[PDB]
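Chain by chain, the residues run as shown.
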2 protein chains.
Amino acid sequence: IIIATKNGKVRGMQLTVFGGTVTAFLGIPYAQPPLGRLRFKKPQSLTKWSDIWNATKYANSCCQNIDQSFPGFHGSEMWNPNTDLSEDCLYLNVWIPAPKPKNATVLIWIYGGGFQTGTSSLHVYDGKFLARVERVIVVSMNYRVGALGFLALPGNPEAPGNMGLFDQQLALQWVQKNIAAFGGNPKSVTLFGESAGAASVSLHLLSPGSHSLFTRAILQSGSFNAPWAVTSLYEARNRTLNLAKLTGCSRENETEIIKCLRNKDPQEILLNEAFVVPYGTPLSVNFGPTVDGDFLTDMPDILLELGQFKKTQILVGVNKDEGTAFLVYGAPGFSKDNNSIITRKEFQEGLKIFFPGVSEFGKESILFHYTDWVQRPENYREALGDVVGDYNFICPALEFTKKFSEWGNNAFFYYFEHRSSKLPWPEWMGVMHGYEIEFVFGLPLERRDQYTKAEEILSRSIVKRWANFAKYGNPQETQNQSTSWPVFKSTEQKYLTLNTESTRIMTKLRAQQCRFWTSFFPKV
Amino acid sequence: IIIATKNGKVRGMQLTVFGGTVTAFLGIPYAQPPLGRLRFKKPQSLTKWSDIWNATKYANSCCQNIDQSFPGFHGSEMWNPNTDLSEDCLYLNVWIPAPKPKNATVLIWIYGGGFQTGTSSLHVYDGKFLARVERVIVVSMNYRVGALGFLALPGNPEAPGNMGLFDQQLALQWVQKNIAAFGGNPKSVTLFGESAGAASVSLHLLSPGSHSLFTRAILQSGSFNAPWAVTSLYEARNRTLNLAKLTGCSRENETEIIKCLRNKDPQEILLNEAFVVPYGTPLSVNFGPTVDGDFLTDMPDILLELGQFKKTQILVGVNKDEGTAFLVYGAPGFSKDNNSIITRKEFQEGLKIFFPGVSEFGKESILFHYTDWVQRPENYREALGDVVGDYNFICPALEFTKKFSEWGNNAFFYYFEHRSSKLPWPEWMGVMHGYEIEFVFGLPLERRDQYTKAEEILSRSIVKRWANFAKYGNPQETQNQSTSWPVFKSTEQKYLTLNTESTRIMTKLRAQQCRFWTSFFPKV
Ligand SMILES: *[C@@H]1O[C@H](CO[C@H]2O[C@@H](C)[C@@H](O)[C@@H](O)[C@@H]2O)[C@@H](O[C@@H]2O[C@H](CO)[C@@H](O)[C@H](O)[C@H]2NC(C)=O)[C@H](O)[C@H]1NC(C)=O
Ligand SMILES: *[C@@H]1O[C@H](CO[C@H]2O[C@@H](C)[C@@H](O)[C@@H](O)[C@@H]2O)[C@@H](O[C@@H]2O[C@H](CO)[C@@H](O)[C@H](O)[C@H]2NC(C)=O)[C@H](O)[C@H]1NC(C)=O
Ligand SMILES: *[C@@H]1O[C@H](CO)[C@@H](O[C@@H]2O[C@H](CO)[C@@H](O)[C@H](O)[C@H]2NC(C)=O)[C@H](O)[C@H]1NC(C)=O
Ligand SMILES: *[C@@H]1O[C@H](CO)[C@@H](O[C@@H]2O[C@H](CO)[C@@H](O)[C@H](O)[C@H]2NC(C)=O)[C@H](O)[C@H]1NC(C)=O
Ligand SMILES: *[C@@H]1O[C@H](CO)[C@@H](O)[C@H](O)[C@H]1NC(C)=O
Ligand SMILES: *[C@@H]1O[C@H](CO)[C@@H](O)[C@H](O)[C@H]1NC(C)=O
Ligand SMILES: *[C@@H]1O[C@H](CO)[C@@H](O)[C@H](O)[C@H]1NC(C)=O
Ligand SMILES: *[C@@H]1O[C@H](CO)[C@@H](O)[C@H](O)[C@H]1NC(C)=O
Ligand SMILES: *[C@@H]1O[C@H](CO)[C@@H](O)[C@H](O)[C@H]1NC(C)=O
Ligand SMILES: *[C@@H]1O[C@H](CO)[C@@H](O)[C@H](O)[C@H]1NC(C)=O
Ligand SMILES: *[C@@H]1O[C@H](CO)[C@@H](O)[C@H](O)[C@H]1NC(C)=O
Ligand SMILES: *[C@@H]1O[C@H](CO)[C@@H](O)[C@H](O)[C@H]1NC(C)=O
Ligand SMILES: [Cl-]
Ligand SMILES: [Cl-]
Ligand SMILES: [Cl-]
Ligand SMILES: [Cl-]
Ligand SMILES: [Cl-]
Ligand SMILES: [Cl-]
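About the cut-offs
Residues numbered from 1 in each chain as written, not as in the entry; some residues may be left out. Chains lettered and ligands numbered in written order. Heavy atoms only, no water. Near = heavy atom within 4 Å. Polar contact = N/O pair within 3.5 Å; in protein donor to acceptor, adjacent residues only side chain to side chain. Areas by Shrake-Rupley, 256 points an atom, 1.4 Å probe, with all protein chains shown as cover. Nonpolar A, V, L, I, M, F, W, Y, C, P; charged D, E, K, R; others polar. Pairing = 2+ DSSP bridges. Helix = DSSP H or I, 4+ residues; strand = E, 2+ residues; numbered from the N terminus. Axes fitted to C-alpha atoms, helices over the stretch in contact; angles between N-to-C directions. Least-squares fit on C-alpha atoms. Contact = heavy atoms within 4.5 Å. Buried < 20%, exposed > 50% of the residue type's maximum accessible area, 1.4 Å probe, protein only. Parallel < 35°, antiparallel > 145°, perpendicular 65-115°, else oblique. Disulfide = S-S within 2.5 Å. UniProt positions renumbered as here; feature names shortened; annotations may be inferred. Buried area = accessible area lost by both parts, 1.4 Å probe. Salt bridge = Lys/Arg side-chain N within 4 Å of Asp/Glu carboxyl O. Right-handed = clockwise from strand over helix to strand, strands pointing away.

All names here are of chain B. Taken together, the residues surrounding ligand 4 are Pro-332, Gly-333, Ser-335, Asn-338, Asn-339 and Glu-346. Here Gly-333 contributes a backbone N or O atom positioned 2.8 Å from an oxygen atom of ligand 4. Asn-338 has a polar side-chain atom sitting 2.3 Å from an oxygen atom of ligand 4. Burial of ligand 4 by the protein amounts to 33% of the accessible area it has alone, namely 580 Å². Each residue belonging to the shell around ligand 4 can be placed in one class, and the counts come to one nonpolar, four polar and one charged.

Structure (structure tokens):
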């Protein structure tokens, strides 16, 4: 199967999925490899090619540090890259239904990883079930991460910031110019992503340059107002220079620093990324999005507040135990290998881990809010995960949804409360961050795979809802007497729960918690 | 002039006020003197008398400790009793217009003093200007204060609690049964009072036994939800027993303690009142209202919340610098005799004075709210007075008004922002607590007295507004092209400013401050 694109012909491969066929085009290039003098620059457009580009395997993942905290453990290793790392990593994948569609809705995935890690080639991001089952086209891209994607010296095109957001954007253009050839509709494109991928999706809603490259957005466990999502121009400067110090690249002509950094092996850059901040957390985003005057014209909070963003429908949601995952990456007394019953003093030390530069009154105020016991030995353990999830994911996603919907558009909010029967992390970690993804992608649809029956059905439903959102702007499942998903409005704040038993309509998720994070904490 | 009452004839005296005459009946009795075995009991009804009771001078003030902090100083001494102290103090005054009215509206004053001090015979409470100028009848009563009025051992009729609130109530009955004889309308009775007198007025709105003894209410700088206004049953017990300890009256048959206390000289009781709490503030109400199952059937906060109170119009208001007065009664670095520029560490020590049993996080949170400077040397001085006024008077009055109006009735809120030209306290103390009273009573109407012209006019207006509230339920001044006073509603929260220059309609008095006191602080 050979598709003609604007730049050249590309060959895919046939896949057998569920007694049907999907066609996959794995590793199509979308930019000049950002090597040599292109390191740190915005992605540059690709020269046409003769011959047939073979898109028959996933390409290189971008350079990145790996999670080595639990060698041999699937719970953590399933997130690590499964493809060679390389600076030559600007590739994308396309799964198309077979038979070839006429004007399919397009679903474009943006992975998370803190803006520091990630790749589109993970097993949990495999778009063939969606292409098979819903007859959508699924697209995914690799984009640069860490200092290579987000190093900033604002105004200086040598290292402008946001390069990895420009990678995403240039892939959205490729879909604009090329997807009709695969049988896709460029006028029906939905972006979806999780955590940093979800934050990215929210920034595309704000970037004027992304306005006409997509239709609708889905934000899983992430939004650009989360505390980890945007690097201040002050922090960025300090970090660009700390990285310079550490590689012998300190200069004074800022363009001589970059030039120096373009001579380091990618691996010496990775090495020194971790130390650019005196104290990091398990939630550190050393090099992330900045206000660059290009992708992002102003503090995104000001943009949200004042309604300067793409006017369209959004689907936003979070998982029940967002914060637990991060606890075993530094909180005293925590372990995946035991029940992690911790003491008040452990709790207090944990805050110091997750809130390193916070005043002592700031931290006491968290403790005060989260320890009015309602005792039970898991009290402190449970409270620290809630602290981390509410502050970092849940409260920002809920505030993002309120503020966006106040400008007129329909918004749908979910609370994902199902733990995988297959989860390799312990029970106390619950419904973890990242563990809705396999449901969205339709992994439990694969019978050979050891999910329960209830899981198959949960995933089938979510897939239908996501696909109806993409195609029609309405995440309903209309055929099987299912709970209607109400629009989220900032008065009532109705949201839908996603679980194997019963979907519920509920209101005002985490209302007391978010009043704290949203209205008081920004002050400390 | 001899009026026949239910109990006997009473003779008044003629007064020349403003080229007119008022008739005053000063010191009419309204209960058996609460002496001997009646000490600590609810007021008992008075036996009829022959002869003409001469009501030609103010009677005894009830026993009470005196403010000796500034001997020879008018600013403080003007609040001290001006009549012999005596346990024989259950008397009331009546000023009636001359010529004698046909069916005059009645204004009943209840003084403040923290429930510990006060008398109706103060110069600033003289009702003759009101009777002269508005042709209302003004009534005032002495009621027991301190342990003699509010000692509690709940359920035990020997010392039930709330005795001084029952004194007020029995005086409201006297007006019910007797005021028609003076030319008054028992069906048009408005209670007004300041601070503890205003808190008392708010408790009469809740007491079912007071429902039919009045029509409308005015609350100046006080309400029953202020932190000083209601003694917990736990604190009351501890205090009744501490007082017992201190007078050698410790027993075990609780009725033997009271009997013991009935043998102490009133002066040994006064002496030991101050020490019943280990740490007091300048705002201490050692012996105040309790939930007694009689006057007050349940925690008044629960009553307000659930709309169990008299359904009628209220006028409520506060002064601009409520808290300043209390600062020179114990806050380090403060003096009426200098500008009281204080340091951060002084501020911090001051909180310890005003919030003695508050956790250290509680106090840091006050500091945090009140010290986000917007530096200037009076910053800390100004912040401590605001802390004290917002917490103690302003925020509770505003919350009382919100909650009352949510049940349907019209409510009018004022912010009094005029400093007397005659104020003997320094400039930095501003528009003090207590210093609207002379305006309400029409003192600046007396030309001989050295108030400015603007003050005369301010008082004339307030008097008209108060009298129209009493007579008609609407505090308007309709004749002189004056600002209309809008109803207070919990959505808009409109209030009227009272000053010599310009009355303004404004909204949401102290909105950030009260969110703090009202929604966060109750937690610490
Ligand atoms: C901006 O960065 C400086 C630099 O400090 C860092 O130097 C890097 C090369 C790296 O190895 C890092 O771990 C190291 O801390 C920060 O100032 C330093 O802060 C830490 C603790 O406060 C100390 O170790 C240093 O004594 C101190 N040195 C200097 C030069 O000031 C600084 O914290 C940071 N500023 C921001 C934006 O937080
Ligand atoms: C209830 O009262 C007790 C009694 O303490 C007081 O005794 C009084 C007669 C009086 O002189 C007063 O100043 C004195 O404090 C309180 O317990 C006492 O608390 C203070 C300080 O906490 C100490 O001086 C005493 O050691 C202590 N003694 C006892 C017997 O416990 C107590 O504070 C109080 N409880 C309440 C309701 O606050
Ligand atoms: C769970 O596992 C962790 C790590 O093995 C335990 O934490 C250690 O235990 C004690 C103090 O509690 C010390 O030996 C170490 O200082 C701890 N290490 C860390 C990083 O916390 C924890 O005790 C275990 N808890 C259980 C079984 O409840
Ligand atoms: C205002 O007057 C008070 C009391 O006279 C002063 O406070 C005293 O001054 C110093 C410390 O500041 C010490 O001598 C005493 O410990 C203080 N007494 C108290 C009760 O605070 C204050 O300094 C004066 N402030 C001025 C002129 O600004
Ligand atoms: C691309 O793949 C096909 C496999 O059938 C092959 O015919 C062609 O020569 C390939 N080109 C290469 C190896 O780059
Ligand atoms: C696909 O659908 C769009 C409307 O969403 C339409 O404008 C376009 O012409 C269609 N293209 C096809 C069927 O080739
Ligand atoms: C810094 O160096 C660059 C050459 O890479 C040059 O273009 C620029 O003018 C220099 N900036 C100054 C004026 O220091
Ligand atoms: C609804 O149920 C039917 C039959 O029970 C089945 O074909 C389908 O999988 C279900 N649809 C969705 C989208 O949940
Ligand atoms: C009451 O006062 C009048 C004063 O004119 C007097 O005639 C009468 O005897 C008085 N009774 C007393 C002194 O108690
Ligand atoms: C006074 O007015 C009331 C109505 O407010 C009325 O019921 C009463 O009869 C009047 N009494 C008089 C004029 O004596
Ligand atoms: C306490 O003493 C009183 C007498 O004053 C008596 O009425 C009461 O029964 C006694 N209470 C008891 C049972 O201890
Ligand atoms: C209104 O002004 C008139 C004349 O200027 C005067 O008689 C009266 O004192 C004023 N009325 C009030 C109640 O303020
Ligand atoms: Cl939950
Ligand atoms: Cl600190
Ligand atoms: Cl359902
Ligand atoms: Cl003000
Ligand atoms: Cl404490
Ligand atoms: Cl006016």
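This is not the end of the story, as more comes after the structure.
This part is about the sheet that holds strand β2 (residues 9-11) of chain A. Strands pair in a sheet through their backbones, by hydrogen bonds, and they do so in one of two ways: parallel or antiparallel. Residues and elements named next belong to chain A. Read across the sheet, three strands follow the order β1-β2-β5 without closing on themselves; strand pairing throughout is mixed. Only two strands of the sheet have a single neighbouring strand rather than two, namely β1 (2-4) and β5 (52-54). Across the sheet, the mean angle from the axis of one strand to that of its neighbour is 30°, orientation sign disregarded. Two elements, β2 and β5, share three bridges in a ladder whose sense is parallel. Across the sheet, the residue bridging to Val-10 is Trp-53, located in β5.

It takes a turn of 180° to lay chain B on chain A, together with a shift of 0.0 Å along the axis; the resulting RMSD is 0.0 Å. Within this description, the copies of the chain are treated as partners about a two-fold rotation axis. When C-alpha distances to the rotation axis are compared across chain B, the minimum falls at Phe-361 of chain B, with a value of 3.5 Å. Mapped onto chain A, 100% of the interface residues of chain B again fall at the interface, so both copies present the same surface.

So, about the site of ligand 8. Residue and element names in this part refer to chain A. Near ligand 8, the surroundings consist of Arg-460, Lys-464, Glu-477 and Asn-480. Between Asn-480 and ligand 8, the recorded distance is 2.4 Å, taken from a side-chain N or O atom to an oxygen atom. The fraction of the free accessible surface of ligand 8 (370 Å²) that becomes covered by protein chains is 47%. Its residues assigned to classes, the shell around ligand 8 comprises no nonpolar, one polar and three charged.

A word on the side chain of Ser-221 of chain A. All names here are of chain A. The topology assignment puts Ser-221 in the loop between β10 (216-220) and α6 (233-246). On the basis of relative accessibility, which here comes to 0%, the residue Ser-221 falls in the buried class. The contact partners of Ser-221, leaving out residues within four places of it in the chain, are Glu-194, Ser-195, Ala-198, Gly-317, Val-318, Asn-319, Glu-322, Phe-393, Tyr-414, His-433 and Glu-436.

Residues and elements named next belong to chain A. Closest axis-to-axis distance for the helix α13 (residues 379-405)/helix α16 (residues 511-520) pair is 9 Å, and the angle between their directions is 85°. The angle between α13 and α16 falls in the class roughly perpendicular. Between α13, through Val-387, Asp-390, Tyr-391, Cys-395, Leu-398 and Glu-399, and α16, the contact on the second element is made entirely by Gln-513, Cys-514, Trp-517 and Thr-518. Of the residues belonging to the contact of α13 with α16, the class tally is six nonpolar, two polar and two charged.

Below, the discussion takes up the UniProt feature "disulfide bond" in chain A. Residue and element names in this part refer to chain A. The disulfide annotated by UniProt between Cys-62 and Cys-89 is present in this model, the sulfur-sulfur separation being 2.1 Å. A residue pair is termed long-range when its members are at least 10 positions apart, and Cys-62 in the loop between β5 and α1 (74-77) and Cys-89 in the loop between α1 and β6 (91-98) qualify at 27 residues. Taking relative accessible area as the criterion, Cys-62 reaches 3% and is therefore assigned buried. Here the UniProt disulfide linking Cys-395 with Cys-514 is intact, its two sulfur atoms sitting 2.1 Å from each other. Taken together, the residues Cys-395 in helix α13 and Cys-514 in helix α16 connect sequence positions 119 residues apart. Comparing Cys-395 with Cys-514 shows no difference in burial state: the two are buried.

A word on the interface of chain B and chain A. With seven residues of chain B at the contact, the number on the chain A side is seven residues. For the chain B and chain A pair, buried surface summed over both sides reaches about 630 Å², with 94% attributable to carbon and sulfur atoms. Applying the counting rule to chain B against chain A returns zero salt bridges. For the pair chain B and chain A, the interface holds zero residue pairs in polar contact. For the side of chain B that touches chain A, the element with the highest residue contribution is helix α12 (residues 360-370) of chain B, accounting for four residues. Split into classes, the residues belonging to the side of chain B that touches chain A amount to four nonpolar, one polar and two charged.

The next subject is unusual backbone geometry. One can expect most non-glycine residues to show negative phi and most peptide bonds to be in trans. All names here are of chain A. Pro-99 follows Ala-98 through a cis peptide bond whose omega is 0°. Within the secondary structure layout, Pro-99 lies in the loop between β6 and β7 (104-110). Backbone geometry places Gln-481, a non-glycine residue, at a positive phi of 40°. The exposed category is assigned to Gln-481, whose relative accessible area is 81%.

Time to look at the UniProt feature "active site" in chain A. Residues and elements named next belong to chain A. Feature annotation in UniProt assigns "active site" to the following positions: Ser-195, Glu-322 and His-433. With respect to the helices and strands, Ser-195 occurs in the loop between β9 (184-194) and α5 (196-206). The exposure class assigned to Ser-195 is buried, which follows from its relative accessible area of 7%. Examined against the element boundaries, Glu-322 turns out to sit in the loop between β11 (314-319) and α10 (324-327).

This part is about the state of the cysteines. All names here are of chain A. For the coordinates displayed, the defined rule picks out six disulfides over all chains. Two residues share a disulfide in this structure: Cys-62 and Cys-89, whose sulfurs sit 2.1 Å from each other. When the S-S torsion is 90°, as for the bridge of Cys-62 with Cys-89, the disulfide is right-handed. The disulfide that involves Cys-395 links it to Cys-514, with 2.1 Å between the sulfurs.

A separate point is the pairing of strand β10 (residues 216-220) of chain B. Successive residues of a regular strand alternate their side chains across the two faces of the sheet. Residue and element names in this part refer to chain B. Across the five residues that make up β10, a large majority, five, are buried. Side-chain alternation along β10 places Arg-216, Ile-218 and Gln-220 on one buried face and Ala-217 and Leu-219 on a second face that is also buried. As judged from the five bridges shared by strand β9 (residues 184-194) and β10, these two strands associate in the parallel manner. When the bridges of β10 are listed, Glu-194 appears paired with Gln-220. Handedness of the β-α-β unit built from β9, helix α5 (residues 196-206) and β10 comes out right-handed. Pairing of β10 with strand β11 (residues 314-319), which is carried by four bridges, proceeds in the parallel orientation. Across the sheet, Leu-219 pairs through a bridge with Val-316, a residue of β11.

The next point concerns the pattern of salt bridges. Overall, the coordinates contain 42 salt bridges over all chains when judged by the stated rule. A salt bridge links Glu-158 of chain A to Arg-262 of chain A, with the shortest nitrogen-to-oxygen separation between them at 3.4 Å. Remark: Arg-262 of chain A occurs in the loop between α7 (254-261) and α8 (266-273) and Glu-158 of chain A occurs in the loop between α3 (147-150) and α4 (163-178); sequence separation between them is 104 residues. Note on accessibility: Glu-158 of chain A and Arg-262 of chain A belong to one class, buried. With a shortest N-O distance of 2.8 Å, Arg-39 of chain B and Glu-87 of chain B are connected by a salt bridge. One end of the pair, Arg-39 of chain B, is in the loop between β4 (20-29) and β5 (52-54); the other, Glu-87 of chain B, is in the loop between α1 (74-77) and β6 (91-98), with 48 residues separating them in the sequence. Like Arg-39 of chain B, the residue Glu-87 of chain B is buried in the burial classification.

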